[PDB]
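To start, the structure itself, in structure tokens.
Every read-out reported here was derived from the displayed coordinates using simple, explicitly stated rules and does not represent laboratory data. Cβ: placed from backbone, ideal geometry, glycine included. Neighbour counts: every protein chain shown.
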Amino acid sequence: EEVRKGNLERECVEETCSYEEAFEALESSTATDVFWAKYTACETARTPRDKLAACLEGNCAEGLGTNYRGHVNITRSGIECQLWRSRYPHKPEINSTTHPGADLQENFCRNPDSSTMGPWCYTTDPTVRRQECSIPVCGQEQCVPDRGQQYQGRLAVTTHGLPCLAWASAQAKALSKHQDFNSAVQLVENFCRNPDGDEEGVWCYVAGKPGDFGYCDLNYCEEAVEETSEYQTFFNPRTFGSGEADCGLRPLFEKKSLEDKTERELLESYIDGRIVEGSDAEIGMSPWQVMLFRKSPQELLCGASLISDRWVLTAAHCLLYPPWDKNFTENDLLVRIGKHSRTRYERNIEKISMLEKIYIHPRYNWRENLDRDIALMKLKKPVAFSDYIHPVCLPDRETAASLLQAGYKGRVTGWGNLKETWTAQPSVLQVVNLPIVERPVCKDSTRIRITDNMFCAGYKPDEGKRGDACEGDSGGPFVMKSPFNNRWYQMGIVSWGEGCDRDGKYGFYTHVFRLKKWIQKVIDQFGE
Ligand SMILES: *[C@@H]1O[C@H](CO)[C@@H](O[C@@H]2O[C@H](CO)[C@@H](O)[C@H](O)[C@H]2NC(C)=O)[C@H](O)[C@H]1NC(C)=O
Ligand SMILES: *[C@@H]1O[C@H](CO)[C@@H](O)[C@H](O)[C@H]1NC(C)=O
Ligand SMILES: *[C@@H]1O[C@H](CO)[C@@H](O)[C@H](O)[C@H]1NC(C)=O
Ligand SMILES: [Mg+2]
Ligand SMILES: [Mg+2]
Ligand SMILES: [Mg+2]
Ligand SMILES: [Mg+2]
């Protein structure tokens, strides 16, 4: 009757025990002492039972982490743990015999010396001896970290309920090592893994043409990102197209050692008193700006943002919105670039270009809050830049915060195309600057809830201010100017603030810094 064994459940955890008692009826002595090792670690978590119960079984950090008996390979950063068995790169001061208390098996993080920093391991990185690991703390359940860079679980389907493809799958290996990853990531079967340091999160492949990749739904911990010039080329020119080397350097201004009328105003904290309305932009002030027209009828549809000589952004809901019947093929549309009069045709200033292919961010969802309201379009032929056409620089995690702190305000350049899908009207491009508003103040002014993916902007209303919410085009650029490398970076892709109607308040724009890698897979998908 081993099934019995005066079970502890009642003797040692449903109430405490603290030894002997783990004696009368209990054999295999050192196992009574490996239990005791566990039990001394769980010490301070004696009440309630479930806490202790879940401490002893150890996928769980209590206090200084000694109790951990789970299976995590990786450190805080991404470094793989050097097996405890091992001396390369590091001869251990603490081998399995010297501290036989802790379970020093394989490379799973432990804490046999109970260092204040908690569970840790030896590194495969020769410059780093021991780096602590980030482990599920007891009673703060779920919360994936590092955008699923250290994801060692088993998720095998996309957000849209599609099947992941195997990571060899004949062609899924043919295109794998086409690009470099982090090899400290175990790419099993068909599970959702984040090789390429994707700021968006984990993902996998899907049935379709080569390189099809839905993303994976996982509860990531809330990254509250809101805490000639030298800007290195992230992209691969051949696929992405040229431009990045020189992006965000306005021909008529930056290159000509010129500040426009309202840019110096951006520096200041809202000098308690001075707002500036949406006047007309002067020429070459928002060159990356784009206009999306329907072909037949000649119907202006949406704003956009040049990022190269090749790729351009917009708001997914400009081509796909089933609440209407928006489903535009490439043959339905065209874009215009470097325009200034909405109505006139700019002869030998503006370029007309057609579409080659459209790419709706795979995690686009309109059936709730327009999550990932993002799209991507390639032009059937590249575009030649000028003093009127010029691309905007794209930011990363690091620049977000850097620019959302030091820089206080941003900028919405448009022909008010968002507003005017509602009334029935600016004739010429309007520029206007808006301060980013604290997220919590933005939260309790709106019903539709805000992920970390979206943010708010505008001046504070005080009972006598009418809502200038809805400045700019829909799918157009919100932009910011770095006071360090002196380049224009796009932060937002204008979306419907509420709709726009409801407002006597603030203005909404989707984040972009997490796109970076999603883009890189798409330009490859299409090709060179
Ligand atoms: C790092 O994590 C990997 C991935 O889980 C571990 O390797 C797996 O080990 C289990 C059985 O122990 C197998 O079922 C999987 O197929 C393995 N996957 C591999 C080898 O890719 C591995 O144990 C961990 N590494 C260390 C050094 O502990
Ligand atoms: C563990 O290292 C210590 C270093 O003080 C040494 O005494 C012992 O022989 C080593 N044993 C093993 C198995 O590594
Ligand atoms: C648009 O319609 C076409 C059929 O003409 C088809 O490709 C598809 O069902 C629609 N596109 C989307 C994204 O739903
Ligand atoms: Mg019970
Ligand atoms: Mg007893
Ligand atoms: Mg007794
Ligand atoms: Mg007794």
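Place the peptides 294-306, 492-504 in order of packing, highest mean first, counting for every residue the other Cβ atoms within 10 Å and averaging per peptide.
Per-residue mean Cβ counts within 10 Å order the peptides as 492-504, 294-306.
Please work out the C-alpha center-to-center distance from region 204-253 to region 1-18 and express it in whole Å.
Using only Cα atoms to place each centre, the spacing works out to 56 Å.
Of the listed peptides 65-74, 15-24, what is their order by residue-averaged count of other C-beta atoms within 10 Å, with the highest listed first?
Those peptides, ordered most packed to least, come out 65-74, 15-24.
Could you work out the relative contact order of region 142-221, using alpha carbon pairs under 8 angstrom and six or more residues apart, expressed as a whole percent?
Once normalised by length, the contact order is 41 percent.
Shape call for region 487-528 from the C-alpha gyration tensor, a ≥ b ≥ c root eigenvalues: rounded (a/c under 1.5), prolate (a/b greater than b/c) or oblate?
Judged from the Cα gyration tensor, region 487-528 comes out prolate (a/c at least 1.5, a/b above b/c).
With just the Cα atoms of region 274-364, tell me how far they stretch along each of the three principal axes, in Å, largest first.
Taking the Cα atoms of region 274-364, the three principal extents are 40, 36, 26 Å.
Which net charge results when you count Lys and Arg as +1 and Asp and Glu as -1 among the other residues whose beta-carbon is under 9 Å from that of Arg447?
Overall, the nearby charge balance is +1.
Counting DSSP beta bridges with both partners in the chain, what percentage is antiparallel, nearest 5?
Working: 60 of 63 bridges.
Taking every DSSP beta bridge within the chain, about 95 percent pair in antiparallel fashion.
For region 142-221, what does the equivalent ellipsoid look like in terms of its semi-axes, each the square root of 5 times an eigenvalue of the Cα gyration tensor, given largest first in whole Å?
19, 15, 10
Going by average Cβ density within 10 Å per residue, which order do the peptides 412-423, 248-259 take, highest to lowest?
412-423, 248-259
Along the Cα-to-Cβ line of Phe328, 7 Å from the Cα, sits a label point; which residues in region 466-487 have backbone N less than 19 Å from it?
It comes to 472-478, nothing else.
If you average over every viewing direction, what projected area does the convex hull of the Cα atoms of the chain give, in nm²?
With the hull built on Cα positions only, its mean projection is 31.1 nm².
Placing +1 at every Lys and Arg Cβ and -1 at every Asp and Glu Cβ, with all other atoms neutral, what dipole size does region 154-250 have around its Cα centre, in debye to the nearest 20?
720 debye
Counting only residues 5 or more places away or on other chains, whose amide H sits under 5 Å from the amide H of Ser279 once H atoms are built in the peptide plane?
For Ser279, the qualifying residues are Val431.
Calculate the length of the line joining the C-alpha centroid of region 339-376 to that of region 49-64, in whole Å.
52 Å
Kirkwood Rh over Cα pairs of region 8-56 into Stokes-Einstein at 4 °C, 1.567 mPa s: D in µm²/s?
D = 119 µm²/s.
For an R0 of 25 angstrom, estimate the FRET efficiency from the Cβ-Cβ distance between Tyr88 and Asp113 and round to the nearest 0.05.
0.70
Return the whole-Å distance between the Cα centroid of region 312-336 and the Cα centroid of region 108-123.
53 Å
Can you return the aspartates and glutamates within cross-link range of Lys173? Criterion is Cα-Cα under 18 Å, with same-chain partners fewer than 8 residues away left out.
Reachable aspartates and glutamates: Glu189, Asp196, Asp212, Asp524.
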